[PDB]
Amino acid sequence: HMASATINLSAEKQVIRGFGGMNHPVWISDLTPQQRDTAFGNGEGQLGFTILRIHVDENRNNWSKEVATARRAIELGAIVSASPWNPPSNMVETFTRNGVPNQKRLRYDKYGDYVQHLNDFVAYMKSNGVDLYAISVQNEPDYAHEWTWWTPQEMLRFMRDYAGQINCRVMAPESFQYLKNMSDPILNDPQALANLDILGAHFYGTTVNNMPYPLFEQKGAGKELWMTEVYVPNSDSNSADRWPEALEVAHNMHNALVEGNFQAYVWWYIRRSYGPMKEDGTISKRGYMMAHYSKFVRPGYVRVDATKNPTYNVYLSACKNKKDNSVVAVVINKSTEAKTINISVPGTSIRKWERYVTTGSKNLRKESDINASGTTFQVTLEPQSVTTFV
């Protein structure tokens, strides 16, 4: 019952860059033409994704496999970032890491060659109509049991001494868990920081208390902040429609936006049995959770200060469209009870919100409009639901 929240449209936070997920046409099947439209279109039954992540293959003969989905994503208005897992094998050497032998790292004398490999990929994609928004130094340098490890100091050396030569925005360090030991050295070194454009992070097991990043708030002016890979709360086979499990996706996104100030949120495989799109090409409960943000909170909108947790089990975020000062509010109710919130939006001329609601038994159902009383919007959230107000 009667909890209160305020959305302050004059307290601007981060500009939203967008939402999306991974295509990997070497490890798994490429997205089909139909599936590309479902992912990056924003019509009814489409996810409204605006970021595609792709991998930079170690074998340049595989590069052409990325082109068809990347082009289509860009055609439908998305931006594309690319992350490598391994350098070409002729730049790699083995070493023993914490007792475990035969681990991979980039040879210290091949960092320049690696720069050239990354630029070659950038040039190749650009030649094929895919102007990459950014390229990463390494996917999960700190969880590279099955790929290429970089220590914090190896990542720093590359960012400080080589990264300035990359002909693209540079993304780093993509820690599997947003471990600050991988990024702190970049932030604390002016040359490395100058060569950084996007601080990328993954959210695997990342807790809410570790989503703020004081050093980035202090030193990261002009750099973007992106959450470039996750699945939550698990990758269990055929789990994408589990309810109320799926509510963890919305909550994680809420947390990324509000607790982490993240400008982008990017899932792992777009099409997978635990992903936003099921193998049959339709949207899963997990996908609808993503859609509550991605279909409505469009690139260029700016998050604004809003009461994040107005009552127990209720989570609120708000973004402003600066073109007309309209507001999008996404409100999660994880309670088994219904909740009523008086949302104060001082200084707004808006007096009506439309609303779409997802529960265990309905997906983005358009429900009755909210008519404001002055600048206060009283909203009711049914149990175990996500609502987007627009």
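Residue numbers run from 1 along the displayed sequence.
- Here 135-143 and 88-96 are compared by their mean Cα B-factor, and 88-96 comes out higher.
- Set 169-177 against 273-281 and average the Cα temperature factors; 273-281 ends up higher.
- Among all modelled residues in this chain, the alpha-carbon of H202 has a temperature factor (C-alpha) in the lowest third.
- Among all modelled residues in its chain, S385 ranks in the lowest third by Cα B-factor.
- Placement of the Cα temperature factor of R60 within the chain: highest third of the modelled residues, per the deposited record.
- In this PDB entry, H254 carries a Cα temperature factor that places it within the lowest third of its chain's modelled residues.
- Among the modelled residues of its chain, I332 has a C-alpha B-factor that falls in the lowest third according to the deposited record.
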